[PDB]
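Here is the structure we will look at, set down as structure tokens.
For neighbour counting, all protein chains shown are included, and Cβ atoms are generated from backbone atoms with ideal geometry for every residue, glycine included. Since every read-out is calculated from the coordinates, none of them should be taken as a lab result.
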Amino acid sequence: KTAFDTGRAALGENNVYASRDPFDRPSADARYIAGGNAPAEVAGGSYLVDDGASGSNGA
Amino acid sequence: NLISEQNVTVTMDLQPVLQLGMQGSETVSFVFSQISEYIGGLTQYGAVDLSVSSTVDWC
């Protein structure tokens with residue numbers, strides 16, 4: 001989420017999760033886009049039907 | 001009135017015939033493979049056609 005910083009100032013705020021076997025769920029301190037290693041996640045649904053919000057504004 | 005008689009015994013067996021026939025497959029399979037299949041749901045029209053015959057009043 002954090003913005004693209006300039007120069008050697010951030011060093012890790014945007015770098016991709018590097019792995020040699022990406023088909024296992026990443027560790028608890030890796031980077032998720034929506035969710036986490038622990039059961040901290042988002043409920044199942046679709047970007048088509050509205051439950052609250054819909055379309056692009058949804059999760 | 002002298003007579004000579006021969007007797008036959010008639011035994012009527014009124015069995016309670018109830019007959020429910022069907023014109024569909026025994027197995028009705030719902031295979032939810034698509035997302036719209038989940039969201040809109042699955043509907044199968046005319047899966048079973050019941051034809052009824054009965055000697056007695058039936059429910």
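Is it true that some residue in region B:31-50 is touching a residue at least 24 places away in the same chain (Cβ under 8 Å) and hydrophobic (A, V, I, L, M, F, W, C)? Working first, answer last.
Here is the first cut: in region B:31-50, the residues touching a residue at least 24 places away in the same chain (Cβ under 8 Å) are B:48-50.
Filter once more, keeping what is hydrophobic (A, V, I, L, M, F, W, C): B:48, B:50.
Looking through region B:31-50, at least one residue is touching a residue at least 24 places away in the same chain (Cβ under 8 Å) and hydrophobic (A, V, I, L, M, F, W, C).
Going by what's in this entry, would B:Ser4 be described as assigned to a loop (DSSP other than H, G, I, E, B) and either exposed (fewer than 10 other Cβ atoms within 10 Å of the Cβ) or of a type outside the set (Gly, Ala, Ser) (or both)?
Working: assigned to a loop (DSSP other than H, G, I, E, B): yes; either exposed (fewer than 10 other Cβ atoms within 10 Å of the Cβ) or of a type outside the set (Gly, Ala, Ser) (or both): yes.
Answer is yes for this residue.
Filter region A:28-54 down to the residues that are under 13 Å from the mean Cα position of the chain (by Cα) and under 17 Å from B:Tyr38 (Cβ atoms) and list them by number. Quick ask: steps written out before the conclusion?
The initial filter retains those residues of region A:28-54 that are under 13 Å from the mean Cα position of the chain (by Cα), namely A:28-37, A:40-42.
Within region A:28-54, just A:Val42 meets the criteria.
Does A:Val16 satisfy the condition of being away from chain B (no Cβ under 14 Å), of a type in the set (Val, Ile, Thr) and over 24 Å from B:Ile35 (Cβ atoms)? Quick ask: steps written out before the conclusion?
Values: away from chain B (no Cβ under 14 Å): yes; of a type in the set (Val, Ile, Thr): yes; over 24 Å from B:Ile35 (Cβ atoms): yes.
Here the answer is yes, as A:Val16 does meet what is asked.
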Restricted to region B:5-59 and to residues being of a type in the set (D, E, K, R) and more than 14 Å from chain A (Cβ to nearest Cβ), the residue farthest from A:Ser46 (Cα to Cα) is B:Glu5
Where A:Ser56 falls short, out of the listed (1) in a loop (DSSP other than H, G, I, E, B); (2) more than 14 Å from every other protein chain (Cβ to nearest Cβ); (3) among the small types (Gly, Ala, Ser): (1)
